[PDB]
Structures are given as C-alpha cells and as structure tokens.
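Q: Just the structure for this:
(one chain, ligands or ions: 3)
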Amino acid sequence: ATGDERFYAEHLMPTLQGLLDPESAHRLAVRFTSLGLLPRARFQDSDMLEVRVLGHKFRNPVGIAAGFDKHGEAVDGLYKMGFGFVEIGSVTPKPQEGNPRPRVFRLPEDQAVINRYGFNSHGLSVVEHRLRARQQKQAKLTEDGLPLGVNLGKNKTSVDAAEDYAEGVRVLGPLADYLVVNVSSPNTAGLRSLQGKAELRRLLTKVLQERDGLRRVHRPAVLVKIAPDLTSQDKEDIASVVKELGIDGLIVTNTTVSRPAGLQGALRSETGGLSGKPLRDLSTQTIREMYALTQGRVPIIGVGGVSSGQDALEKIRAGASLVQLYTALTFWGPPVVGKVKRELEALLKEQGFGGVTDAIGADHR
Ligand SMILES: NCC(=O)Nc1ccc(-n2nc(C(F)(F)F)cc2-c2ccc3c(ccc4ccccc43)c2)cc1
Ligand SMILES: Cc1cc2nc3c(=O)[nH]c(=O)nc-3n(C[C@H](O)[C@H](O)[C@H](O)COP(=O)(O)O)c2cc1C
Ligand SMILES: O=C(O)c1cc(=O)[nH]c(=O)[nH]1
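A: Numbering: from 1, shown residues only. Ligands and ions are numbered 1, 2, ... in the order given. Take a look at the structure below.
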C-alpha cells in the first residue's frame with residue numbers, strides 16, 4: 001500500500017466528506033479531475049493487464065463507470081488517474097435538470113451511496129461539441145489502448161424511448177468506441193420495464209440499424225446495461241435477444257432498488273439506486289448468470305462494489321472481460337485505481353493466470 005492510498009483513505013477523503021454534501025463533493029471531484037489536479041499515477045500498467053475485446057485493445061481492465069462524468073468534462077483527467085477506459089453519460093437527447101436536491105446520500109457505515117439524480121444531462125448537442133474538441137486526441141488514446149464509451153439515456157418526458165436512443169446513436173455514436181443502452185436506471189419511470197421481450201427486441205433492432213448506418217471508422221460497438229433486480233425470466237429474455245440480434249456486449253450491473261438486510265446508514269430508506277459494497281455480490285452473481293446464459297460468447301463489463309483487486313478478479317472469474325467502479329472512488333479517492341490494478345496483477349500471479357484474458361470466466365471451467 002502506497003503513502004497516498006493510506007492518506008486519501010484514512011485522512012483526506014473522510015475530512016472532505018465531513019465538510020461537503022455528496023453532490024457538492026462530486027462537482028468538485030469532476031472539476032479537479034478536468035484540471036488534472038490529481039495525484040501522480042505511480043502504477044505502470046504491465047502486459048498481464050492488457051485485454052482485447054469489443055474490437056479494441058484495453059491497456060488495463062479497470063474503467064470509470066457511467067455517472068461520474070455525465071457530460072464528458074473530465075475524460076483526459078480520468079485517463080491520467082490510470083483508468084484503462086472511460087465511460088461518459090448517461091446523456092439524454094435534450095438537456096434536463098434531473099430531480100430536486102438533495103438527490104444523493106452517503107451511507108458511510110455501509111461503504112455505499114444511494115442516488116436519485118434522475119438523468120441530469122447537458123444533452124447530446126453540448127456533449128457532441130465537447131467530444132468534437134478532442135476527437136483526434138481520443139483517436140490516438142484509443143489506438144494506444146485507452147477507449148471511450150458513451151452511455152445513452154432518454155428524456156423524462158419522451159413519447160418514444162427507442163427514438164431517444166436512436167438520436168443518441170446518430171449524434172454520439174461517431175465519437176464513441178462503444179455505446180451503452182440502459183434497460184436499467186432505477187430513477188426514470190418506464191426504462192427497466194421495456195424487458196417485455198418483443199419490446200426489447202424492437203428497441204435494440206432500431207439501435208443496431210442506426211449504428212450499422214454509420215461510416216465504418218465511426219461505427220461503435222453497442223452494449224446493453226442491466227439492473228441487478230431482474231427476474232430469472234427477464235435475464236433469460238435478455239440473453240435470448242442479445243444472441244438473436246448480435247449485441248456486442250453487456251454491462252452488469254447498474255445500481256439496485258433493493259435494500260439488502262444489514263444496511264446501517266441512517267439514510268438507507270432514501271429512494272434511489274444503491275451502489276458500493278452492499279451491491280458487490282448481487283452484481284457478481286448477475287455476471288455469473290449472464291455469462292452462462294450467453295455461453296461465454298458475449299463480452300461482459302462487470303460493475304458494482306469493486307474496491308479491491310479481489311473484487312475485480314471475482315467479477316473476471318465470474319465472466320467479466322473488463323470491470324468498472326464509481327462508488328469506491330467516492331470513498332477512497334484517486335489512489336484506489338492503482339490499488340485495484342496492483343492487487344489484481346498480484347492475485348492473477350498467485351492463482352496461476354498468465355494475464356486477465358486467461359482468468360475471464362475461469363469459475364465456469
Ligand atoms: N500535480 C498533482 C496534483 O495537482 N495533485 C493534486 C492532488 C490533490 C488535490 N486536492 N487538493 C485538495 C484540497 F483540499 F487541498 F483542496 C483536494 C484534492 C483532491 C481530493 C480529491 C479528489 C481530487 C481529484 C480528483 C478526485 C476524483 C475522485 C475523488 C476525489 C478526487 C483532488 C489537488 C492536486
Ligand atoms: C451517483 C451515481 C450516478 C450514476 N449515474 C449513472 C448514469 O447516468 N448511467 C448509468 O448507466 N449508470 C449510472 N450509475 C451507476 C454506475 O455506473 C454503476 O453501474 C453502479 O454505481 C455500480 O458501481 P459502483 O458500486 O462501483 O458505484 C450511477 C451511479 C452513481 C453512484
Ligand atoms: O441519473 C441517475 O439517477 C442514475 C442513472 C443510472 O443509470 N443509474 C443510477 O444509479 N442513477
């Protein structure tokens with residue numbers, strides 16, 4: 001463990017958390033990240049951590065989850081922090097304010113957060129112009145193994161969810177290495193309930209037709225991001241549609257609307273999605289199920305409660321090719337990224353894996 005890891009985890013982040021409400025702390029974290037005001041990434045990525053998936057090289061398998069950089073303001077700072085890939089968004093077609101404040105709550109005793117932001121978004125046109133300003137810088141980053149994902153949402157008052165996603169594909173698809181469609185924010189009325197199988201097939205058919213219409217250099221992979229709260233029937237139906245349509249991958253999982261027994265935080269009964277440690281094993285088990293139902297042929301990005309190398313390797317062994325985190329960064333600060341990478345490399349060696357690739361889905365064998 002480094003000097004920075006202990007200083008951020010034991011002293012700086014708890015002190016800042018004592019001074020700032022979580023939304024103010026997030027806004028300051030995005031601004032500092034955007035300005036490069038972040039500790040030196042002392043972890044040189046080894047060859048063991050390189051992954052080839054979704055038509056791209058990934059220098060390391062640890063990404064920043066959607067929601068940290070909703071509006072594409074801090075992408076370059078996030079690579080500087082040591083992430084192997086960045087996902088921005090969710091981005092909605094039109095700008096929207098999201099829910100009234102307060103709308104995010106820390107559960108420090110649980111190493112958890114509850115959020116109900118409600119897709120606050122600068123909208124597609126603002127994010128398009130932001131990504132255009134650094135499009136060729138991003139082309140070089142992607143070529144050097146640091147890809148960019150864009151997570152697409154829908155407006156609260158949309159009368160045609162599939163058309164909102166199609167607009168996102170047309171506008172930001174040409175600027176993305178991969179696109180994500182949520183069947184899964186807990187904080188918009190109707191999004192998770194297009195699990196109705198024929199309706200999911202109709203939505204994803206439209207999204208894939210729009211993606212296929214882009215020029216080859218500008219044609220991203222398309223992934224579906226799912227909730228951890230799906231029925232067995234919902235998971236069977238998603239696996240079926242994903243294989244039928246040739247969806248490129250899955251992101252498993254979003255936040256949970258469940259409240260696991262044992263939460264201690266005073267704010268545990270706030271409305272919203274729960275993230276961090278209490279989500280971890282529900283997310284790992286969802287990865288394991290989706291990997292089996294897709295016969296290991298559909299790349300999975302594993303997300304929920306990753307804050308250590310062990311957490312990352314458990315999701316990789318369950319079937320994830322890549323992992324993401326958000327809530328750990330909230331609690332432990334920037335040093336957590338190097339921590340996860342160092343711990344994951346050590347555990348791969350301890351368990352006899354030549355690299356990340358050899359560990360993907362190892363538990364199923
Ligand atoms: N050339 C190196 C350099 O300028 N380093 C630097 C390191 C820390 C800070 N910094 N200074 C403060 C304070 F309190 F003194 F003003 C706070 C931090 C800090 C604290 C937490 C985060 C970040 C940056 C991002 C971030 C993202 C996710 C969560 C927490 C934070 C920066 C500023 C600069
Ligand atoms: C404050 C907050 C905002 C989020 N916003 C989004 C979003 O806009 N789109 C999305 O797909 N996921 C969003 N997520 C979910 C994360 O991408 C991730 O799936 C989830 O938080 C689990 O990872 P974690 O336990 O490492 O935070 C958000 C999560 C948090 C905590
Ligand atoms: O904007 C939000 O409220 C949000 C979106 C999402 O997909 N997940 C989440 O936990 N919150």
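Q: make it CA atoms for all contacts and neighbour counts henceforth
A: Will do.
Q: how about the strands in the protein?
A: 51-53, 56-58, 62-64, 85-91, 104-107, 112-115, 148-152, 178-182, 221-226, 249-252, 273-276, 300-303, 322-325 (DSSP state E).
Q: looking at these, which is buried most?
A: Compared across those, strand 300-303 shows the largest average neighbour count, a mean of 30 (mean count of other C-alpha atoms under 10 Å).
Q: Can you list the strands that it pairs with?
A: strand 249-252 (parallel), strand 322-325 (parallel) (DSSP bridges).
Q: Adding distance to residue 339, write the strands of the chain out as a markdown table.
A: Conversion of the strands of the chain to a markdown table gives the following (distance: least, C-alpha to C-alpha, whole Å):
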| stretch | distance to residue 339 |
| --- | --- |
| strand 51-53 | 19 |
| strand 56-58 | 18 |
| strand 62-64 | 11 |
| strand 85-91 | 16 |
| strand 104-107 | 22 |
| strand 112-115 | 19 |
| strand 148-152 | 22 |
| strand 178-182 | 26 |
| strand 221-226 | 26 |
| strand 249-252 | 22 |
| strand 273-276 | 16 |
| strand 300-303 | 17 |
| strand 322-325 | 12 |
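Q: nearest to residue 13, of those?
A: strand 104-107 (12.6 Å; C-alpha to C-alpha).
Q: what does that closest one rub up against?
A: For strand 104-107, the surrounding residues in contact (C-alpha atoms under 8 Å, 6 or more residues apart in numbering) are 22-23, 112-117, 264-268, 270.
Q: Farthest-apart pair in these, please.
A: 117 and 264 (22.3 Å).
Q: which stretch among the strands paired with strand 300-303 comes nearest ligand 1?
A: Checking the strands paired with strand 300-303 against ligand 1 by C-alpha to the nearest ligand atom gives strand 322-325 as the closest, at 11.2 Å.
Q: Next, give phi and psi for the most centrally placed residue in the chain.
A: Geometric centre of the chain, nearest residue: residue 65, 2.6 Å, by C-alpha atoms, centre = their mean. Here the main-chain torsion angles of residue 65 (degrees, to the nearest 10) amount to phi -60, psi 160.
Q: In contact with it, which residues are there?
A: Taking C-alpha under 8 Å, 6+ apart, one finds 86-88, 303, 324-326 in contact with residue 65.
Q: next one: residue 254
A: The contact partners of residue 254, by C-alpha under 8 Å, 6+ apart, come to 184-185, 225-228, 303-304.
Q: cutoff 7 Å now
A: With contacts defined as C-alpha atoms under 7 Å, 6 or more residues apart in numbering, the neighbours of residue 254 are 184-185, 225-228.
Q: okay, the residues you listed in CSV with distance to residue 171 next?
A: Putting these into CSV (distance: C-alpha to C-alpha, whole Å) gives the following:
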residue, distance to residue 171
184, 22
185, 21
225, 20
226, 23
227, 25
228, 29
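Q: closest to residue 193 among these?
A: Within these, distances to residue 193 taken as C-alpha to C-alpha reach their minimum at residue 184, with 8.6 Å.
Q: was I right about the closest one contacting residue 225?
A: Yes - at 6.5 Å, residue 184 and residue 225 qualify as touching, with contact defined as C-alpha atoms under 7 Å.
Q: buried stuff in stretch 97-111?
A: By 16 or more other C-alpha atoms under 10 Å, the buried positions in stretch 97-111 come out as 98, 103-107, 110-111.
Q: can you tell me which two in the residues you listed are farthest apart?
A: For the buried residues of stretch 97-111, the maximum inter-member distance is 25.9 Å, found between 98 and 110 (C-alpha to C-alpha).
Q: Show me what from this protein comes close to ligand 2.
A: For the chain, the residues in contact with ligand 2 (C-alpha under 6 Å from any ligand atom) are 65-67, 70, 89-90, 115, 119, 253-255, 275-276, 303-306, 325-328.
Q: out of the residues you listed, who's near ligand 1?
A: Intersecting the residues of the chain next to ligand 2 with the surroundings of ligand 1, defined as C-alpha under 6 Å from any ligand atom, gives nothing.
Q: what's near enough to touch the residue lying closest to residue 188 once chain neighbours are set aside?
A: Distance criterion C-alpha to C-alpha, 6 or more residues apart in numbering; nearest residue to residue 188, sequence neighbours excluded, is residue 118 at 6.1 Å. Residues in contact with residue 118, defined by C-alpha under 7 Å, 6+ apart, are 98-99, 187-188.
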